[PDB]
file model_10.txt (compact mmCIF, N, CA and C atoms and all ligand atoms)
# COMPACT_ATOMS: atom_id res chain seq x y z
N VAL A 14 39.84 47.98 -15.67
CA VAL A 14 39.96 49.01 -16.69
C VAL A 14 39.44 50.34 -16.15
N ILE A 15 40.33 51.33 -16.06
CA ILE A 15 39.97 52.65 -15.57
C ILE A 15 39.84 53.61 -16.75
N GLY A 16 40.92 53.77 -17.51
CA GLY A 16 40.93 54.65 -18.66
C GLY A 16 40.84 53.90 -19.97
N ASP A 17 40.95 54.65 -21.06
CA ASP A 17 40.88 54.12 -22.41
C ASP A 17 42.19 54.34 -23.15
N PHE A 18 43.31 54.13 -22.46
CA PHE A 18 44.63 54.28 -23.06
C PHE A 18 45.52 53.14 -22.57
N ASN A 19 46.63 52.94 -23.29
CA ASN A 19 47.58 51.88 -22.99
C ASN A 19 48.86 52.50 -22.45
N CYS A 20 49.00 52.53 -21.12
CA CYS A 20 50.24 53.01 -20.51
C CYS A 20 51.38 52.03 -20.77
N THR A 21 51.18 50.77 -20.40
CA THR A 21 52.20 49.74 -20.57
C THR A 21 51.50 48.42 -20.86
N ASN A 22 52.12 47.61 -21.72
CA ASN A 22 51.53 46.34 -22.12
C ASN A 22 52.44 45.18 -21.71
N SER A 23 52.96 45.22 -20.49
CA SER A 23 53.82 44.17 -19.97
C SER A 23 53.46 43.88 -18.52
N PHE A 24 53.75 42.65 -18.09
CA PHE A 24 53.51 42.20 -16.72
C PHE A 24 52.03 42.31 -16.35
N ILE A 25 51.21 41.54 -17.06
CA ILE A 25 49.78 41.45 -16.80
C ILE A 25 49.45 40.01 -16.42
N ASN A 26 48.73 39.84 -15.32
CA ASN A 26 48.34 38.52 -14.85
C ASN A 26 47.01 38.12 -15.49
N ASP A 27 46.43 37.02 -15.03
CA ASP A 27 45.18 36.51 -15.57
C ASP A 27 44.04 36.56 -14.56
N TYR A 28 44.22 35.96 -13.39
CA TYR A 28 43.17 35.94 -12.38
C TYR A 28 43.79 35.70 -11.01
N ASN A 29 43.05 36.06 -9.98
CA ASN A 29 43.47 35.89 -8.59
C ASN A 29 42.23 35.95 -7.71
N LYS A 30 42.44 35.98 -6.39
CA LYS A 30 41.33 36.07 -5.45
C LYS A 30 41.03 37.52 -5.07
N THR A 31 42.02 38.22 -4.52
CA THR A 31 41.91 39.63 -4.14
C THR A 31 40.71 39.87 -3.22
N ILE A 32 40.76 39.23 -2.06
CA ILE A 32 39.70 39.37 -1.06
C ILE A 32 39.93 40.65 -0.26
N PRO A 33 38.97 41.57 -0.26
CA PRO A 33 39.15 42.81 0.52
C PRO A 33 39.15 42.52 2.01
N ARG A 34 40.16 43.06 2.71
CA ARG A 34 40.30 42.87 4.15
C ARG A 34 39.38 43.85 4.87
N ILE A 35 38.10 43.49 4.94
CA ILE A 35 37.12 44.32 5.62
C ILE A 35 37.38 44.28 7.12
N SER A 36 37.41 45.46 7.74
CA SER A 36 37.69 45.55 9.16
C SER A 36 36.50 45.05 9.98
N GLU A 37 36.79 44.27 11.01
CA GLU A 37 35.74 43.79 11.91
C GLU A 37 35.25 44.87 12.86
N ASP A 38 35.97 45.98 12.99
CA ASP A 38 35.57 47.08 13.86
C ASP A 38 34.62 47.99 13.10
N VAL A 39 33.43 48.19 13.66
CA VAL A 39 32.42 49.05 13.05
C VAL A 39 32.83 50.51 13.22
N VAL A 40 32.15 51.41 12.50
CA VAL A 40 32.45 52.83 12.59
C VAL A 40 32.11 53.32 13.99
N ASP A 41 33.13 53.74 14.74
CA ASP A 41 32.96 54.24 16.10
C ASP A 41 33.13 55.75 16.08
N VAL A 42 32.08 56.47 16.47
CA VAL A 42 32.07 57.92 16.48
C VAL A 42 31.99 58.48 17.90
N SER A 43 32.12 57.62 18.91
CA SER A 43 31.98 58.06 20.29
C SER A 43 33.12 58.99 20.73
N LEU A 44 34.22 59.02 19.99
CA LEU A 44 35.36 59.87 20.33
C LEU A 44 35.44 61.13 19.48
N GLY A 45 34.65 61.22 18.41
CA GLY A 45 34.66 62.40 17.57
C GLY A 45 35.03 62.10 16.13
N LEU A 46 35.18 60.82 15.81
CA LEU A 46 35.55 60.43 14.46
C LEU A 46 34.40 60.66 13.49
N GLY A 47 34.72 61.20 12.32
CA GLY A 47 33.73 61.43 11.29
C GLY A 47 32.99 62.74 11.38
N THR A 48 33.38 63.63 12.28
CA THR A 48 32.72 64.92 12.45
C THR A 48 33.69 66.05 12.14
N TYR A 49 33.14 67.20 11.75
CA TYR A 49 33.93 68.38 11.44
C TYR A 49 33.36 69.58 12.19
N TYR A 50 34.12 70.67 12.19
CA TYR A 50 33.70 71.89 12.86
C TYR A 50 32.76 72.69 11.97
N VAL A 51 31.84 73.42 12.61
CA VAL A 51 30.93 74.28 11.88
C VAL A 51 31.70 75.48 11.33
N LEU A 52 31.27 75.97 10.17
CA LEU A 52 31.97 77.05 9.49
C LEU A 52 31.83 78.35 10.28
N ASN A 53 32.97 78.89 10.73
CA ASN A 53 33.03 80.21 11.36
C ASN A 53 32.18 80.27 12.63
N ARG A 54 32.23 79.21 13.43
CA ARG A 54 31.51 79.16 14.69
C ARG A 54 32.37 78.46 15.74
N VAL A 55 32.05 78.71 17.00
CA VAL A 55 32.81 78.19 18.14
C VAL A 55 32.03 77.10 18.88
N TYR A 56 30.85 77.44 19.39
CA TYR A 56 30.02 76.52 20.18
C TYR A 56 30.79 76.00 21.40
N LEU A 57 31.10 76.93 22.30
CA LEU A 57 31.96 76.63 23.44
C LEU A 57 31.14 76.01 24.57
N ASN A 58 31.51 74.79 24.96
CA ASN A 58 31.00 74.13 26.16
C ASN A 58 29.47 74.00 26.14
N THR A 59 28.99 73.25 25.16
CA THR A 59 27.56 73.00 25.02
C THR A 59 27.35 71.80 24.11
N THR A 60 26.12 71.29 24.11
CA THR A 60 25.71 70.21 23.23
C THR A 60 24.71 70.74 22.21
N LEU A 61 24.87 70.31 20.96
CA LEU A 61 24.05 70.82 19.87
C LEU A 61 23.71 69.69 18.91
N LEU A 62 22.48 69.69 18.41
CA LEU A 62 22.05 68.75 17.38
C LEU A 62 22.36 69.35 16.02
N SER B 452 30.57 70.70 -33.85
CA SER B 452 29.93 71.97 -33.56
C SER B 452 28.58 72.05 -34.25
N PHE B 453 27.60 72.63 -33.56
CA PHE B 453 26.27 72.84 -34.12
C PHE B 453 26.35 73.98 -35.13
N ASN B 454 26.50 73.62 -36.40
CA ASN B 454 26.60 74.62 -37.46
C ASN B 454 25.25 75.31 -37.64
N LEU B 455 25.18 76.58 -37.25
CA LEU B 455 23.96 77.36 -37.35
C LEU B 455 24.33 78.75 -37.86
N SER B 456 23.36 79.66 -37.83
CA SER B 456 23.58 81.03 -38.28
C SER B 456 24.40 81.80 -37.24
N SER B 457 24.61 83.09 -37.52
CA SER B 457 25.42 83.93 -36.64
C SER B 457 24.68 84.37 -35.39
N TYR B 458 23.36 84.21 -35.33
CA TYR B 458 22.57 84.64 -34.18
C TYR B 458 21.55 83.57 -33.82
N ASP B 459 22.00 82.32 -33.76
CA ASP B 459 21.15 81.19 -33.41
C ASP B 459 21.53 80.63 -32.05
N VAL B 460 20.53 80.35 -31.23
CA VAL B 460 20.71 79.79 -29.90
C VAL B 460 20.09 78.40 -29.87
N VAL B 461 20.86 77.41 -29.42
CA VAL B 461 20.42 76.03 -29.37
C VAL B 461 19.99 75.70 -27.94
N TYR B 462 18.83 75.06 -27.81
CA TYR B 462 18.32 74.63 -26.51
C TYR B 462 17.85 73.19 -26.61
N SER B 463 18.07 72.43 -25.54
CA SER B 463 17.72 71.02 -25.53
C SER B 463 16.25 70.83 -25.16
N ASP B 464 15.71 69.68 -25.56
CA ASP B 464 14.33 69.32 -25.27
C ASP B 464 14.22 68.15 -24.30
N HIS B 465 14.88 67.03 -24.60
CA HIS B 465 14.86 65.85 -23.75
C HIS B 465 16.30 65.43 -23.47
N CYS B 466 16.70 65.48 -22.20
CA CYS B 466 18.05 65.11 -21.79
C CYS B 466 18.01 63.72 -21.18
N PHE B 467 18.80 62.80 -21.74
CA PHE B 467 18.82 61.41 -21.33
C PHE B 467 20.14 61.09 -20.64
N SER B 468 20.06 60.41 -19.50
CA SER B 468 21.23 59.98 -18.76
C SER B 468 21.50 58.50 -19.01
N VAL B 469 22.76 58.11 -18.79
CA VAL B 469 23.18 56.73 -19.00
C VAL B 469 24.41 56.48 -18.15
N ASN B 470 24.70 55.21 -17.88
CA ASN B 470 25.85 54.84 -17.07
C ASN B 470 27.15 55.10 -17.84
N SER B 471 28.27 54.90 -17.15
CA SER B 471 29.57 55.14 -17.77
C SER B 471 29.88 54.10 -18.84
N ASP B 472 29.63 52.83 -18.54
CA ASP B 472 29.91 51.74 -19.47
C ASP B 472 28.73 51.61 -20.43
N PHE B 473 28.79 52.35 -21.53
CA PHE B 473 27.73 52.33 -22.53
C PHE B 473 28.24 52.96 -23.82
N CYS B 474 27.91 52.33 -24.95
CA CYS B 474 28.18 52.90 -26.26
C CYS B 474 27.31 52.18 -27.28
N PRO B 475 26.77 52.87 -28.28
CA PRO B 475 25.97 52.18 -29.30
C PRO B 475 26.84 51.35 -30.23
N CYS B 476 27.38 50.25 -29.70
CA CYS B 476 28.35 49.42 -30.41
C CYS B 476 27.89 47.98 -30.35
N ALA B 477 27.51 47.42 -31.49
CA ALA B 477 27.07 46.03 -31.54
C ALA B 477 28.26 45.09 -31.48
N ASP B 478 28.03 43.93 -30.87
CA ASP B 478 29.07 42.92 -30.79
C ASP B 478 29.45 42.44 -32.19
N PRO B 479 30.73 42.22 -32.47
CA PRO B 479 31.14 41.79 -33.82
C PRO B 479 30.50 40.49 -34.28
N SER B 480 29.81 39.76 -33.41
CA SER B 480 29.14 38.52 -33.80
C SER B 480 27.71 38.77 -34.27
N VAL B 481 27.56 39.70 -35.21
CA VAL B 481 26.26 40.03 -35.78
C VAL B 481 26.33 39.92 -37.30
N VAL B 482 27.18 39.01 -37.79
CA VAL B 482 27.40 38.88 -39.23
C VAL B 482 26.09 38.64 -39.97
N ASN B 483 25.28 37.71 -39.46
CA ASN B 483 24.00 37.41 -40.09
C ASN B 483 23.06 36.82 -39.04
N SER B 484 21.76 37.07 -39.23
CA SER B 484 20.74 36.56 -38.33
C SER B 484 19.52 36.16 -39.16
N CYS B 485 18.49 35.67 -38.46
CA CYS B 485 17.26 35.24 -39.10
C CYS B 485 16.21 36.34 -39.18
N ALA B 486 16.49 37.53 -38.65
CA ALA B 486 15.54 38.63 -38.67
C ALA B 486 15.72 39.55 -39.87
N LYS B 487 16.89 39.53 -40.52
CA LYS B 487 17.17 40.36 -41.69
C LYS B 487 16.99 41.84 -41.38
N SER B 488 17.30 42.22 -40.13
CA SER B 488 17.21 43.60 -39.67
C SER B 488 18.49 43.92 -38.89
N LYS B 489 19.63 43.54 -39.46
CA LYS B 489 20.90 43.68 -38.78
C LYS B 489 21.33 45.14 -38.73
N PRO B 490 21.62 45.67 -37.55
CA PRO B 490 22.10 47.05 -37.44
C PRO B 490 23.60 47.12 -37.68
N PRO B 491 24.12 48.29 -38.03
CA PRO B 491 25.57 48.41 -38.23
C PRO B 491 26.33 48.21 -36.93
N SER B 492 27.47 47.54 -37.03
CA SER B 492 28.29 47.21 -35.87
C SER B 492 29.63 47.93 -35.95
N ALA B 493 30.20 48.20 -34.78
CA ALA B 493 31.50 48.84 -34.67
C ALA B 493 32.14 48.44 -33.35
N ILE B 494 33.46 48.23 -33.38
CA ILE B 494 34.17 47.82 -32.18
C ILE B 494 34.30 49.00 -31.23
N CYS B 495 33.94 48.79 -29.96
CA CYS B 495 34.04 49.82 -28.94
C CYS B 495 35.22 49.54 -28.01
N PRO B 496 35.84 50.58 -27.46
CA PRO B 496 37.03 50.36 -26.61
C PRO B 496 36.69 49.61 -25.34
N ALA B 497 37.74 49.12 -24.68
CA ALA B 497 37.57 48.34 -23.47
C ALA B 497 37.03 49.21 -22.33
N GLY B 498 36.28 48.58 -21.44
CA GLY B 498 35.69 49.27 -20.31
C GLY B 498 34.21 49.57 -20.44
N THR B 499 33.52 48.99 -21.42
CA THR B 499 32.10 49.22 -21.62
C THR B 499 31.45 47.92 -22.08
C1 LIG A 501 41.77 61.45 -25.89
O1 LIG A 501 41.56 60.07 -25.55
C2 LIG A 501 41.40 59.21 -26.69
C3 LIG A 501 41.10 57.83 -26.15
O2 LIG A 501 42.15 57.35 -25.34
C4 LIG A 501 42.66 59.25 -27.55
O3 LIG A 501 42.47 58.45 -28.71
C5 LIG A 501 43.57 57.52 -28.81
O4 LIG A 501 44.77 58.17 -29.27
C6 LIG A 501 45.90 57.29 -29.36
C7 LIG A 501 47.08 58.14 -29.75
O5 LIG A 501 46.88 58.75 -31.02
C8 LIG A 501 45.61 56.16 -30.35
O6 LIG A 501 46.71 55.26 -30.35
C9 LIG A 501 47.14 55.03 -31.71
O7 LIG A 501 46.24 54.17 -32.40
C10 LIG A 501 46.61 53.91 -33.76
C11 LIG A 501 45.49 53.13 -34.41
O8 LIG A 501 44.38 54.00 -34.58
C12 LIG A 501 47.94 53.15 -33.75
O9 LIG A 501 48.34 52.86 -35.08
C13 LIG A 501 49.02 53.99 -33.05
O10 LIG A 501 50.25 53.27 -33.00
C14 LIG A 501 48.57 54.43 -31.65
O11 LIG A 501 48.60 53.27 -30.83
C15 LIG A 501 44.33 55.43 -29.97
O12 LIG A 501 44.00 54.48 -30.97
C16 LIG A 501 43.18 56.41 -29.80
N1 LIG A 501 41.98 55.72 -29.36
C17 LIG A 501 40.76 56.03 -29.80
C18 LIG A 501 39.63 55.21 -29.24
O13 LIG A 501 40.57 56.92 -30.62
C19 LIG A 501 42.97 60.69 -27.96
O14 LIG A 501 44.21 60.74 -28.65
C20 LIG A 501 43.05 61.58 -26.72
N2 LIG A 501 43.28 62.97 -27.11
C21 LIG A 501 44.14 63.77 -26.48
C22 LIG A 501 44.25 65.16 -27.01
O15 LIG A 501 44.81 63.38 -25.53
call {"tool": "encode", "arguments": {"input": "model_10.txt", "output": "structure tokens", "more": "lines below"}}
Ligand SMILES: *[C@@H]1O[C@H](CO)[C@@H](O[C@@H]2O[C@H](CO)[C@@H](O[C@@H]3O[C@H](CO)[C@@H](O)[C@H](O)[C@@H]3O)[C@H](O)[C@H]2NC(C)=O)[C@H](O)[C@H]1NC(C)=O
result
Amino acid sequence: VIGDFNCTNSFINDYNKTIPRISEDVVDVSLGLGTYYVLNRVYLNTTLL
Amino acid sequence: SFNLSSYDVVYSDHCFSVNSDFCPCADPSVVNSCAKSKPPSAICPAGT
């Protein structure tokens, strides 16, 4: 249940398993995943914390 | 609407937070009890 309205009242099941397919690969950030650029800055050829 | 005068300002004193699934709605199975202090009941929509 998300909202408090009835869009459609047909084709409703009762129960199931619905196991989430959790990925076995952990979050890998060694390539740059999950990072963004600083606002209005360049930071050319350097390392920064 | 807070019915007040033409130059009245309303300010809060104690602000209480609560989760999304909440409503002061008693379950319809409160017809009678042994405490004789039954509160009024009302059906609340699904999702709480
Ligand atoms: C804002 O959201 C609320 C909650 O979804 C809306 O209230 C709901 O409005 C619908 C449409 O009027 C009601 O459905 C009707 O219910 C009557 C019985 O009361 C039934 O005879 C009709 O055939 C129809 O199904 C619904 O009951 C009502 N729910 C609640 C809890 O009040 C409200 O209309 C929304 N307002 C706006 C401006 O979108």
call {"tool": "interface_residues", "arguments": {"input": "model_10.txt", "of": "chain B", "to": "chain A", "cutoff": "8 Å", "atoms": "only C-alpha atoms", "output": "mmCIF file with N, CA and C atoms, in the frame of the given file"}}
result
data_model
loop_
_atom_site.group_PDB
_atom_site.id
_atom_site.type_symbol
_atom_site.label_atom_id
_atom_site.label_comp_id
_atom_site.auth_asym_id
_atom_site.auth_seq_id
_atom_site.Cartn_x
_atom_site.Cartn_y
_atom_site.Cartn_z
ATOM 1 N N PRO B 496 35.840 50.580 -27.460
ATOM 2 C CA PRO B 496 37.030 50.360 -26.610
ATOM 3 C C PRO B 496 36.690 49.610 -25.340
ATOM 4 N N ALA B 497 37.740 49.120 -24.680
ATOM 5 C CA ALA B 497 37.570 48.340 -23.470
ATOM 6 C C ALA B 497 37.030 49.210 -22.330
ATOM 7 N N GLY B 498 36.280 48.580 -21.440
ATOM 8 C CA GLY B 498 35.690 49.270 -20.310
ATOM 9 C C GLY B 498 34.210 49.570 -20.440
#
call {"tool": "axis_aligned_box", "arguments": {"input": "model_10.txt", "around": "ligand LIG 501 (chain A)", "padding_each_side": "6 Å", "output": "JSON"}}
result
{"center_x": 44.9, "center_y": 59.0, "center_z": -30.2, "size_x": 22.6, "size_y": 24.3, "size_z": 21.7}
call {"tool": "atom_distance", "arguments": {"input": "model_10.txt", "atom1": "atom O5 of ligand LIG 501 (chain A)", "atom2": "atom CA of residue B:471"}}
result
22.1 Å
call {"tool": "atom_distance", "arguments": {"input": "model_10.txt", "atom1": "atom C of residue B:494", "atom2": "atom N of residue B:473"}}
result
11.6 Å
call {"tool": "atom_distance", "arguments": {"input": "model_10.txt", "atom1": "atom CA of residue A:36", "atom2": "atom CA of residue A:50"}}
result
26.9 Å
call {"tool": "residues_near_point", "arguments": {"input": "model_10.txt", "point": "(28.1, 45.2, -29.2)", "cutoff": "7 Å", "atoms": "all atoms listed in the file", "output": "list in words"}}
result
residues 475, 476, 477, 478, 479, 492, 493 and 495 of chain B
call {"tool": "write_last_selection", "arguments": {"input": "model_10.txt", "atoms": "N, CA and C atoms", "output": "PDB file, keeping the file's coordinate frame"}}
result
ATOM      1  N   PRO B 475      26.770  52.870 -28.280  1.00  0.00           N
ATOM      2  CA  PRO B 475      25.970  52.180 -29.300  1.00  0.00           C
ATOM      3  C   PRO B 475      26.840  51.350 -30.230  1.00  0.00           C
ATOM      4  N   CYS B 476      27.380  50.250 -29.700  1.00  0.00           N
ATOM      5  CA  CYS B 476      28.350  49.420 -30.410  1.00  0.00           C
ATOM      6  C   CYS B 476      27.890  47.980 -30.350  1.00  0.00           C
ATOM      7  N   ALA B 477      27.510  47.420 -31.490  1.00  0.00           N
ATOM      8  CA  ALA B 477      27.070  46.030 -31.540  1.00  0.00           C
ATOM      9  C   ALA B 477      28.260  45.090 -31.480  1.00  0.00           C
ATOM     10  N   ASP B 478      28.030  43.930 -30.870  1.00  0.00           N
ATOM     11  CA  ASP B 478      29.070  42.920 -30.790  1.00  0.00           C
ATOM     12  C   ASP B 478      29.450  42.440 -32.190  1.00  0.00           C
ATOM     13  N   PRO B 479      30.730  42.220 -32.470  1.00  0.00           N
ATOM     14  CA  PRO B 479      31.140  41.790 -33.820  1.00  0.00           C
ATOM     15  C   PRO B 479      30.500  40.490 -34.280  1.00  0.00           C
ATOM     16  N   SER B 492      27.470  47.540 -37.030  1.00  0.00           N
ATOM     17  CA  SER B 492      28.290  47.210 -35.870  1.00  0.00           C
ATOM     18  C   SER B 492      29.630  47.930 -35.950  1.00  0.00           C
ATOM     19  N   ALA B 493      30.200  48.200 -34.780  1.00  0.00           N
ATOM     20  CA  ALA B 493      31.500  48.840 -34.670  1.00  0.00           C
ATOM     21  C   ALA B 493      32.140  48.440 -33.350  1.00  0.00           C
ATOM     22  N   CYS B 495      33.940  48.790 -29.960  1.00  0.00           N
ATOM     23  CA  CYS B 495      34.040  49.820 -28.940  1.00  0.00           C
ATOM     24  C   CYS B 495      35.220  49.540 -28.010  1.00  0.00           C
TER      25      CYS B 495
END
call {"tool": "residues_around", "arguments": {"input": "model_10.txt", "residues": "residue B:452", "least_positions_apart": "2", "cutoff": "12 Å", "atoms": "only C-alpha atoms", "output": "list in words"}}
result
residues 454, 455 and 461 of chain B
call {"tool": "write_last_selection", "arguments": {"input": "model_10.txt", "atoms": "N, CA and C atoms", "output": "PDB file, keeping the file's coordinate frame"}}
result
ATOM      1  N   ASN B 454      26.500  73.620 -36.400  1.00  0.00           N
ATOM      2  CA  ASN B 454      26.600  74.620 -37.460  1.00  0.00           C
ATOM      3  C   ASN B 454      25.250  75.310 -37.640  1.00  0.00           C
ATOM      4  N   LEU B 455      25.180  76.580 -37.250  1.00  0.00           N
ATOM      5  CA  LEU B 455      23.960  77.360 -37.350  1.00  0.00           C
ATOM      6  C   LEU B 455      24.330  78.750 -37.860  1.00  0.00           C
ATOM      7  N   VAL B 461      20.860  77.410 -29.420  1.00  0.00           N
ATOM      8  CA  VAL B 461      20.420  76.030 -29.370  1.00  0.00           C
ATOM      9  C   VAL B 461      19.990  75.700 -27.940  1.00  0.00           C
TER      10      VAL B 461
END
call {"tool": "decode", "arguments": {"input": "model_10.txt", "residues": "stretch 464-482 of chain B", "atoms": "N, CA and C atoms", "output": "PDB file, in the first residue's frame"}}
result
ATOM      1  N   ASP B 464       3.654  25.605  20.618  1.00  0.00           N
ATOM      2  CA  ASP B 464       4.375  25.404  21.868  1.00  0.00           C
ATOM      3  C   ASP B 464       5.140  24.090  21.898  1.00  0.00           C
ATOM      4  N   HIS B 465       4.464  22.971  21.650  1.00  0.00           N
ATOM      5  CA  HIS B 465       5.089  21.654  21.636  1.00  0.00           C
ATOM      6  C   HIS B 465       4.756  20.970  20.320  1.00  0.00           C
ATOM      7  N   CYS B 466       5.782  20.691  19.520  1.00  0.00           N
ATOM      8  CA  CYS B 466       5.617  20.031  18.230  1.00  0.00           C
ATOM      9  C   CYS B 466       5.998  18.564  18.368  1.00  0.00           C
ATOM     10  N   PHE B 467       5.062  17.678  18.037  1.00  0.00           N
ATOM     11  CA  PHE B 467       5.238  16.241  18.189  1.00  0.00           C
ATOM     12  C   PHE B 467       5.341  15.589  16.819  1.00  0.00           C
ATOM     13  N   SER B 468       6.320  14.704  16.660  1.00  0.00           N
ATOM     14  CA  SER B 468       6.511  13.949  15.433  1.00  0.00           C
ATOM     15  C   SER B 468       5.977  12.531  15.594  1.00  0.00           C
ATOM     16  N   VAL B 469       5.659  11.908  14.460  1.00  0.00           N
ATOM     17  CA  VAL B 469       5.118  10.553  14.448  1.00  0.00           C
ATOM     18  C   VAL B 469       5.415   9.944  13.087  1.00  0.00           C
ATOM     19  N   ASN B 470       5.374   8.616  13.015  1.00  0.00           N
ATOM     20  CA  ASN B 470       5.647   7.912  11.773  1.00  0.00           C
ATOM     21  C   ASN B 470       4.500   8.120  10.783  1.00  0.00           C
ATOM     22  N   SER B 471       4.689   7.604   9.567  1.00  0.00           N
ATOM     23  CA  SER B 471       3.676   7.764   8.528  1.00  0.00           C
ATOM     24  C   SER B 471       2.434   6.938   8.837  1.00  0.00           C
ATOM     25  N   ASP B 472       2.623   5.682   9.238  1.00  0.00           N
ATOM     26  CA  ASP B 472       1.509   4.784   9.540  1.00  0.00           C
ATOM     27  C   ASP B 472       1.047   5.045  10.968  1.00  0.00           C
ATOM     28  N   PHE B 473       0.117   5.988  11.114  1.00  0.00           N
ATOM     29  CA  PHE B 473      -0.417   6.342  12.421  1.00  0.00           C
ATOM     30  C   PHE B 473      -1.699   7.140  12.242  1.00  0.00           C
ATOM     31  N   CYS B 474      -2.704   6.824  13.063  1.00  0.00           N
ATOM     32  CA  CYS B 474      -3.934   7.601  13.125  1.00  0.00           C
ATOM     33  C   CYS B 474      -4.649   7.254  14.417  1.00  0.00           C
ATOM     34  N   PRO B 475      -5.272   8.220  15.093  1.00  0.00           N
ATOM     35  CA  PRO B 475      -6.018   7.897  16.317  1.00  0.00           C
ATOM     36  C   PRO B 475      -7.306   7.150  16.010  1.00  0.00           C
ATOM     37  N   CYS B 476      -7.176   5.894  15.589  1.00  0.00           N
ATOM     38  CA  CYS B 476      -8.302   5.095  15.114  1.00  0.00           C
ATOM     39  C   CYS B 476      -8.275   3.754  15.834  1.00  0.00           C
ATOM     40  N   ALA B 477      -9.267   3.515  16.684  1.00  0.00           N
ATOM     41  CA  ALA B 477      -9.349   2.261  17.414  1.00  0.00           C
ATOM     42  C   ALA B 477      -9.857   1.146  16.509  1.00  0.00           C
ATOM     43  N   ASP B 478      -9.378  -0.065  16.771  1.00  0.00           N
ATOM     44  CA  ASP B 478      -9.825  -1.222  16.013  1.00  0.00           C
ATOM     45  C   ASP B 478     -11.320  -1.440  16.243  1.00  0.00           C
ATOM     46  N   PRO B 479     -12.081  -1.798  15.204  1.00  0.00           N
ATOM     47  CA  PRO B 479     -13.532  -1.989  15.379  1.00  0.00           C
ATOM     48  C   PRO B 479     -13.908  -3.054  16.400  1.00  0.00           C
ATOM     49  N   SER B 480     -12.955  -3.830  16.909  1.00  0.00           N
ATOM     50  CA  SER B 480     -13.240  -4.844  17.923  1.00  0.00           C
ATOM     51  C   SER B 480     -13.108  -4.275  19.334  1.00  0.00           C
ATOM     52  N   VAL B 481     -13.794  -3.162  19.586  1.00  0.00           N
ATOM     53  CA  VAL B 481     -13.792  -2.517  20.895  1.00  0.00           C
ATOM     54  C   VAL B 481     -15.229  -2.317  21.358  1.00  0.00           C
ATOM     55  N   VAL B 482     -16.120  -3.222  20.939  1.00  0.00           N
ATOM     56  CA  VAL B 482     -17.545  -3.081  21.242  1.00  0.00           C
ATOM     57  C   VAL B 482     -17.772  -2.957  22.745  1.00  0.00           C
TER      58      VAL B 482
END
